[PDB]
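Student:
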Amino acid sequence: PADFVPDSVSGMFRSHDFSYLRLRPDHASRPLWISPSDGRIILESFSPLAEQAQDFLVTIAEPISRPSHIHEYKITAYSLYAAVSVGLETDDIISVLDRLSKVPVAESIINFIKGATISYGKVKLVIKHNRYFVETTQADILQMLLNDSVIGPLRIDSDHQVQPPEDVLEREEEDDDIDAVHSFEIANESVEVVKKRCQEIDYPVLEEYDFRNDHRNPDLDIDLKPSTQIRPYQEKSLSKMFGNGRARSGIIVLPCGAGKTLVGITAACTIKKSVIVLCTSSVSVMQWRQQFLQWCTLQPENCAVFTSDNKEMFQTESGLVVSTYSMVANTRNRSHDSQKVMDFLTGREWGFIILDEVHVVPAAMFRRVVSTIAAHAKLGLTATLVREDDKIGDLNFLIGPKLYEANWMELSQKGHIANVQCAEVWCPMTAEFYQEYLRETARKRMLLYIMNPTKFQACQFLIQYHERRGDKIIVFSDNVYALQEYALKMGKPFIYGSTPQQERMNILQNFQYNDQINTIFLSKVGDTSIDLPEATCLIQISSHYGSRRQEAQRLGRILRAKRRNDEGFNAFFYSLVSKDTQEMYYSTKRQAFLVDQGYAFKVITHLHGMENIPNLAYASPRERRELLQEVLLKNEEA
DNA sequence: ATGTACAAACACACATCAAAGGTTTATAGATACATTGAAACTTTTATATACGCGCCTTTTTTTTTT
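Residue numbers (the UniProt record's numbering): 101 to 269, 302 to 770.
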């Protein structure tokens, strides 16, 4: 509602029917011919020079970049919406498609492309010279201010004001769209629904949140601080929040943890206003304050963070703020002095708000921040946008769709993010558990899946292989119930939820730079803390449907957060896939976007040498049939 | 429809901190011997003088067995 779904929907514009091709225009003109109606991308015989052409292709659709002449392409509806930042000559892309009119030129698609170039940069929501107003700016969304009632009748005929930009400032459209068809000064009351009304009245309107163009502020408790540096993937995001008129903001999809505070530093530094920051959990947040927050540009003293047990200095500093949603994303609240903090900052006209990895966060709890801050601008930072909660209003119509993707196979040609060759070992199955798996019921069937004799024979082989060629391991699995049994039946450490803080320390200290106790297991809450800077030998064993997304996201921090820049980087991933079992199809459906990312995958049902393992307990299958007798228990508890 | 493993509050059961105190003992006060050198102390005598007292020495009296 306030936000819009439009941030997780790539792979579109595929305009082609049972008779798509028109009289091949590019048939004669063969310098370049992408799939037009689709928006697909394909080179032409009068034109093979590719590498420099990365950017032009970046404007449209999805490639196949292990393609030879070129990679693939596609149309994208909101994709043109993103392109407005440059906002170049619209027909030029069509003019570029002029040669690329491969079939008879799909003017309809071209119009669709002209349409594909309709919204972004054609935004419409008024603003005024140190205030906000009820007008509109570009053709794509112009009326998204003027004809309105929360933007038009919620646009107030006030003439013009920077100093007069405050009383109203039908709430602060300080982040209004492109502005000023006759712009009626914006008010102070009711856009918390406008953001909902927007797509409700479906205005593809390009929000704009300025750098100094709202003098409801003698611009407030920030200031520019640029000390930072840049790896090859920054600047676009930074200038991505400028546009036309006055500045703006948006949403960006990233493998996070890359000093994303630093990019957060800039835009906040570049508005000098009131801003707050948010992260998941005192479980999660502390990987932020002090190894990647001070090599940067901020003074050492200001901010406060709040848990009323992990509390700070509140009622104290005029400067900026930082908190957690789930803290107040709920009627959860520890010390009523929280409501000594709650009321203002909630009610406070924050210039900007920072939300981070809201991906897992549900509307059923995510709407609180929507109902909490309503800051004049917002930060969009999560893991993945194609989702399971693909529901109606994603945070876009609040902030925007994804602004910057990542880049993996050919920009990382500046910085190698950990060359991957994924492995899935296709271990067959025995009916012995499986027979009563044919007798099972609700997901307590899946426990039987965990009862596979094959995992063991391979499990050590993985440990053996890794150390037979001598590189240490990081493993992935689930369902601790017996997976914990696996651990100290693997000769390897056990890790489990519902665990005291004390014991968490003994895991790493005489363990990291040592070279002997070189194996690890993972829980379902421990993954919410950290992964080692070591052992990119990545082995999946056990997972679970739906979690697949975050499970796949869970795999992310290992490699992408790594940045070392060697020649090859012979790194690999591995996984356990017990054959003839309920999940692998869903795992293939999980695999369905594995090499989507270009980070590839190779399969081995059996390698050269899996059986080389003589230390496996249950070497003969009667212990595996002893296992059957233990296999009963929990599934006889079940 | 439909509730379930999973992890955030939210106030609390759990491991920790800290004041108090018997007991031990160097550690020191005070202690009782251990040293020794040092000066305050002893001896002749004879010599008469003019004493006693006890002891040299002896005269007179005093007391058991055949």
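We treat Cβ as the ideally placed atom computed from N, Cα and C, and that holds for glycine.
Which runs of the beta strand (DSSP E) spanning at least 3 residues fall entirely within the segment 537-577, listed in chain order?
Tutor: List check, beta strand (DSSP E) in window: 553-559.
Student: Count the other CB atoms, across all protein chains shown, that sit within 10 Å of the CB of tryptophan 133; report buried if there are 16 or more and exposed otherwise.
Tutor: Classification of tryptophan 133: buried, given that the 10 Å Cβ count is 16 or more.
Student: For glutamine 672, which beta-bridge partners are listed by DSSP?
Tutor: Answer by DSSP bridge pairing, in chain order: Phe608, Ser707.
Student: Could you say if the segment 564-581 and the segment 735-743 meet the contact criterion of at least three C-beta pairs nearer than 8 Å?
Tutor: Not touching, per the Cβ criterion.
Student: Where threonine 217 and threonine 190 are concerned, what is the direct C-alpha to C-alpha distance, given to the nearest angstrom?
Tutor: Taking the straight line from one Cα to the other gives about 6 Å.
Student: Please report the straight-line C-alpha distance between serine 129 and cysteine 411, rounded to a whole angstrom.
Tutor: Each residue's alpha carbon lies about 53 Å from the other.
Student: Take every Cβ of the segment 651-661, pair it with every Cβ of the segment 612-622, and state whether three or more of those distances are shorter than 8 Å.
Tutor: As far as the Cβ criterion goes, the segment 651-661 touches the segment 612-622, which means the pair count is three or higher.
Student: Helix or strand or just coil, what does DSSP make of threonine 176?
Tutor: If DSSP states are grouped into helix, strand and coil, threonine 176 belongs with coil.
Student: Out of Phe498, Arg600, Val709, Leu352, state which residue places its alpha-carbon closest to the alpha-carbon of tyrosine 457.
Tutor: Residue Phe498 is the option with its Cα nearest to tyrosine 457.
Student: Got a sec? Which residues, its chain only, sit under 6 Å from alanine 703 by beta carbon, not counting five neighbours each side?
Tutor: So the qualifying residues of the chain are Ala550, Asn551, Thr668.
Student: One question on the structure: do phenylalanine 233 and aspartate 311 come within less than 9 Å of each other, judged by their Cβ atoms?
Tutor: The answer is yes: Cβ separation under 9 Å.
Student: With H, G and I counted as helix, E and B as strand and the rest as coil, what does DSSP make of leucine 370?
Tutor: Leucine 370: helix per DSSP, three-state reduction.
Student: Quick check: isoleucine 160 and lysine 202, are their CB atoms within less than 9 Å of each other?
Tutor: Taking 9 Å as the Cβ cut-off, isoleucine 160 and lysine 202 do not qualify as a contacting pair.
Student: Grab the span of the alpha helix (DSSP H) containing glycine 396 for me, first residue to last.
Tutor: Looking at the DSSP string, the run of the alpha helix (DSSP H) that includes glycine 396 is 392-401.
Student: On the DSSP bridge list, what partners appear for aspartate 259?
Tutor: Partner(s): none; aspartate 259 has no beta bridge.
Student: Looking only at C-alpha atoms, which of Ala509, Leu764, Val417 sits nearest to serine 661?
Tutor: The shortest Cα separation from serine 661 among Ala509, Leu764, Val417 belongs to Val417.
Student: Would you mind reading off the limits of the alpha helix (DSSP H) that contains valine 501?
Tutor: First-last of the alpha helix (DSSP H) with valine 501: 495-502.
Student: Starting from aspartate 126, trace the alpha helix (DSSP H) both ways and give me its first and last residue.
Tutor: From DSSP, the alpha helix (DSSP H) with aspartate 126 extends over 125-128.
Student: Buried or exposed: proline 585, going by 16 or more other Cβ atoms within 10 Å of its Cβ?
Tutor: Classification for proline 585: buried.
Student: Decide yes or no for the touch test of the segment 621-629 against the segment 705-724: beta carbon pairs closer than 8 Å, at least 3 of them.
Tutor: Flag = no, the segment 621-629 and the segment 705-724 do not touch.
Student: What residues in its chain sit with their C-beta under 8 Å from that of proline 494, if we drop five residues either side in the sequence?
Tutor: So the list reads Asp521, once near-sequence residues are dropped.
Student: On the DSSP bridge list, what partners appear for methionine 112?
Tutor: In the DSSP output, where bridge partners are listed per residue, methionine 112 has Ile175.
Student: Note down the Cα distance separating residue 297 from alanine 749, rounded to an integer number of angstroms.
Tutor: In the structure shown, the chain runs from 269 directly to 302, leaving residue 297 without coordinates.
Student: Can at least three beta-carbon pairs, one atom from the segment 442-454 and one from the segment 382-393, be found at a separation below 8 Å?
Tutor: In short, these stretches do not touch, since the Cβ pair count stays below three.
Student: I'd like to confirm the pairing. Which residues does DSSP put opposite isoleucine 227 in its beta bridges?
Tutor: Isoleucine 227 pairs with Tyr232.
Student: In whole angstroms, what separates the C-alpha of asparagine 767 from that of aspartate 488?
Tutor: The alpha-carbon atoms of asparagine 767 and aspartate 488 are separated by roughly 40 Å.
Student: Just checking, does the segment 149-159 make contact with the segment 169-187 on the three C-beta pairs under 8 Å criterion?
Tutor: These segments touch.
Student: Count the other C-beta atoms from every protein chain shown that fall within 10 angstroms of the C-beta of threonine 448, then say buried if there are 16 or more, exposed otherwise.
Tutor: When all chains shown are included, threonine 448 counts as exposed.
Student: State yes or no: is the C-beta of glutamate 266 within less than 9 Å of the C-beta of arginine 329?
Tutor: No, Cβ-Cβ distance for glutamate 266 and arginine 329 is not below 9 Å.
Student: Going by DSSP in three states, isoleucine 333 sits in which element: helix, strand or coil?
Tutor: Here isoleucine 333 sits in coil by DSSP.
Student: Mind reading off the beta-carbon distance from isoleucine 736 to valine 557? Whole number of angstroms is fine, and I expect it under 8 Å.
Tutor: Confirmed, about 6 Å.
Student: Run through DSSP, which three-state label would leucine 517 get?
Tutor: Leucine 517: coil per DSSP, three-state reduction.
Student: Report the residue from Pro131, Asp155, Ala153, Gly139 whose alpha carbon sits nearest the alpha carbon of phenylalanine 146.
Tutor: Out of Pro131, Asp155, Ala153, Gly139, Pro131 has the C-alpha closest to the C-alpha of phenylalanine 146.
Student: Quick one: what's got a C-beta closer than 7 Å to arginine 464's C-beta in the same chain, skipping five residues either side?
Tutor: Around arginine 464: no qualifying Cβ.
Student: For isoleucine 606, which option in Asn747, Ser315, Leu687 has the closest C-alpha, if you only look at C-alpha atoms?
Tutor: When only C-alpha atoms are compared, the closest one is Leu687.
Student: I'd like the list of long-range same chain contacts for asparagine 646, defined as Cβ closer than 8 Å, with 5 residues on each side in sequence excluded.
Tutor: Closer than 8 Å at Cβ, skipping near neighbours: no residue.
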